[PDB]
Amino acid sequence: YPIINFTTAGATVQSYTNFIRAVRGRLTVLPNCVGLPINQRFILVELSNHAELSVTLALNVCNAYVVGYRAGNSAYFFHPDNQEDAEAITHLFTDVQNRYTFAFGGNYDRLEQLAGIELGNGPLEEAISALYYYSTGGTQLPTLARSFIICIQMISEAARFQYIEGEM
């Protein structure tokens, strides 16, 4: 899948804006993804911060939302909303050693619930480490949730919004 890169290290309003445009440039907002070959159903967003930690988010091209991610040798996926997506996510991060699918979904209402939230470069920097260390036992679920929310609002939601105002 196409890979968009972004780092919080030396981040500018400009580097961030181009990042979002890039994402938006690959969306195909439709009621739900179907007809799209799984080959191009997702965008991969590689995020890295000042500690040089990197995680890769898998975004659904139809609605821009995060369906899962990769941190090093492990991958995590939100409980798919149905069977098509269930089988779809099996195509993501295939060379990864550890695969896990959460029992809960990745909608805002669930994440808010699990979280028990300032946005910005600072919070994203920290959200990236949280996502990374989750895979080694250093991140508690509530923090993981708050971190997903930060990634989702600053990336998924930002691209959707611009896509829409783009359609006037």
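Start at 1 with the first residue shown and count on from there.
Q. Counting only residues from the deposited sequence, how many are left out of the model between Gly116 and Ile117 (none, 1 to 3, 4 to 9, 10 or more)?
A. Unresolved stretch here: 4 to 9 residues.
**Q.** 3-11 versus 159-167 - which carries the larger mean C-alpha B factor in the record
**A.** The entry gives the higher C-alpha B-factor average to 159-167.
Q: For the higher mean C-alpha B factor in the entry, choose 34-42 or 135-143.
A: Taking the mean B-factor of the alpha carbons in each, 34-42 is higher.
Q: Between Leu27, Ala103, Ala127, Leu111, let me know which has the highest C-alpha B-factor in the entry?
A: Most elevated C-alpha B-factor of the set, per the entry: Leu27.
Q | Modelled-residue ranking by C-alpha temperature factor, third containing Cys62 | A | As the PDB entry reports it, the C-alpha B-factor of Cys62 lands in the highest third of its chain.
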